[PDB]
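Okay, so here's just one chain, in structure tokens, the form deposited in one PDB entry.
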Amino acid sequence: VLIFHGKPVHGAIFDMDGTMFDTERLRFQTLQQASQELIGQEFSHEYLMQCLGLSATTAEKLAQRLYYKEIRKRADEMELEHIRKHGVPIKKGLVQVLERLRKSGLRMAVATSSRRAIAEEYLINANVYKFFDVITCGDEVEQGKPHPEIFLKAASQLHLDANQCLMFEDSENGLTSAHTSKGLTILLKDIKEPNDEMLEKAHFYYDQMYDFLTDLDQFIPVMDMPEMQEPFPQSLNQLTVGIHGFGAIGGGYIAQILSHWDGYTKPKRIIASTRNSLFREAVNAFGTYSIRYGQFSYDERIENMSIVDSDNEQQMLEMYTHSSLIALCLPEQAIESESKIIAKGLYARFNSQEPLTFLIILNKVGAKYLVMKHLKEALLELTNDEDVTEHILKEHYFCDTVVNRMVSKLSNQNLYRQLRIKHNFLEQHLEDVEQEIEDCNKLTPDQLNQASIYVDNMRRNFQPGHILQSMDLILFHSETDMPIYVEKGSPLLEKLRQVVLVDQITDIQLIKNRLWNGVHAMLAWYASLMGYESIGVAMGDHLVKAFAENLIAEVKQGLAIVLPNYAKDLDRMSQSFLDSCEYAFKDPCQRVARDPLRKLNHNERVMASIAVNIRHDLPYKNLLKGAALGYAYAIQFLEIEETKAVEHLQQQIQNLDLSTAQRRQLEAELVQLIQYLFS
């Protein structure tokens, strides 16, 4: 029992033509063309506007009163032929509404003046027939629209009174039929500006189907955080979403968040950009990819993916124009170059005629600031107009995020290895197939012969892709951490299941940077130099875990002074980190120790902690070792020249907010400890 604007709703009855689909426009065009090639004289726009929401038999009465079977027969044939090519024109929001009303527990039906033969055809084609218990057509009804019989019979077969049921309609005739039934009427504008009589009759009015959805969703419960192996929604909405950077995070985390969505519907397509052409062509070839959750050996298939090239402009603009939500999953190095591609997409969005929710995924203190700064400079260079830029930057929701999940991208050699192995299975599967529907079961020889031609070329196309039932494409190794923490602002994020909304994101990002990402980087450098290629395996070493526990102590002692209000939560986050590290066997040290110099910056996870501890006379001995191991890793594994390492070290220590006495002591202690490791 749903309470819609303080009304006890038990069921819902929808009109098909003009309300659910945009078919009234089509038959408007076909009746004109059909009439021209039969009788010659086209139908007047007055006749067609009067015939809106009227049974073919009832419309034939108005045809004779003013002045049809053969005309309408060809008009219907033209109409359904348009559906065979271009599909059903489904009004935006329909699928989203239907699922919410279904899961609310409402007893739903369709009340269309169309024939059963035609009514079903479209409901089957649109894939919404499943949402309805009964359907009342313009055949079984004795007196059709605008008489309330069709709406009364619909409610009667649902075993509910009309007053308990909602009633959707586009037409003037149908709204009378709905109102005379004495149900909770809803009017959706299609191809008729509502009259005063129509506006009064209706209990609720909305400009579009999507406008009702927004009003309905404040009475529909928001679904809770998904569990690990929880299925995605079956029914797809008409919204697109983007992932700028099909990498570890984008493909191996965000794709799950977007696939779960609100738990009612799922985006039609997910457009993800990558420079990795092997990854791009591999996913487009398979159609899907899977995220491997190693802990529970669970392979999570993600579908409705379309991987595009980052350099190809027409596909990058396609994303930013048609997408409802974009996720920026790029490293700091790419932010400046790609801000040019983002600016063009946002300007292309403005040039075209909904608000955008822009998620920024980046491990950096003030991650948004960097993006917005580079985006503003990029936009101004292209637009040459400060009036349009300040509008664009204010229009869309640019959201800060905190991602705790550890994800790993598959190496190109291991992806080639996978492709080589899985190709040999396909080759053998195509030998197994090697090389007529008889019996004649309640079907004409015409249909049975026509069925054979369908089943043959279907098998011919599908049979090679039967192996995909067992065969997956594994591209990402992820841990089982679900909740992404995002800044408040965007109404869209309120309804997303996997998104948790927080306030002081800046305070969390700072602790995240220092206590999580900082300890993760420093132990990864220590582990790499000891000769571990796995975070999970490395934490098995008593020294590696002892070092991490020693670092955590020194960082938390510092943060507790800088953020005394968060001092309570440090022990929980520190323990949560070690747990995620302990069994991260498929998470490599390489990925965690990327860009060491960038991470050894004065305003970053290593040096920032050291500085705080020096100012407040706290121990920084283990932090100082990790800094030295950071430069040790940079010179030994990456080979960046020792001369540059000192020039960087000195530059960063010069930028640290310390006294010259502390600066020179820090440099002297750190350079001494670096030379100690190499000797």
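C-alpha atoms forming the largest set that superposes within 1.5 Å between two forms make up the rigid core. Residue positions are given as counts along the sequence shown, with the first one as 1.
Another form exists, deposited in another entry; not displayed. Remarks below refer to it.
Colleague: Would you mind telling me which residue of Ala527, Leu187, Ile254, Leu325 shifts its Cα by 2 Å or more between this form and the one not shown when the core is superposed?
Modeller: Spelled out, the residue whose C-alpha shifts by 2 Å or more is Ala527.
Colleague: Could you tell me whether the Cα atom of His10 shifts by at least 2 Å between this form and the one not shown after core superposition?
Modeller: No, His10 moves less than 2 Å.
Colleague: Please state whether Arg115 has a C-alpha shift of 2 Å or more between this form and the one not shown, with the rigid core used for the fit.
Modeller: No, shifts by less than 2 Å.
Colleague: For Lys145, does the CA position differ by 2 Å or more between this form and the one not shown when the superposition is done on the rigid core?
Modeller: After core superposition, the C-alpha of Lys145 moves less than 2 Å between this form and the one not shown.
Colleague: Closer or farther: the C-alpha atoms of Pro331 and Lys586 in that other deposited form, versus the form shown, with a change of 3 angstroms or more?
Modeller: Compared with this form, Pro331 and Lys586 lie closer in that other deposited form.
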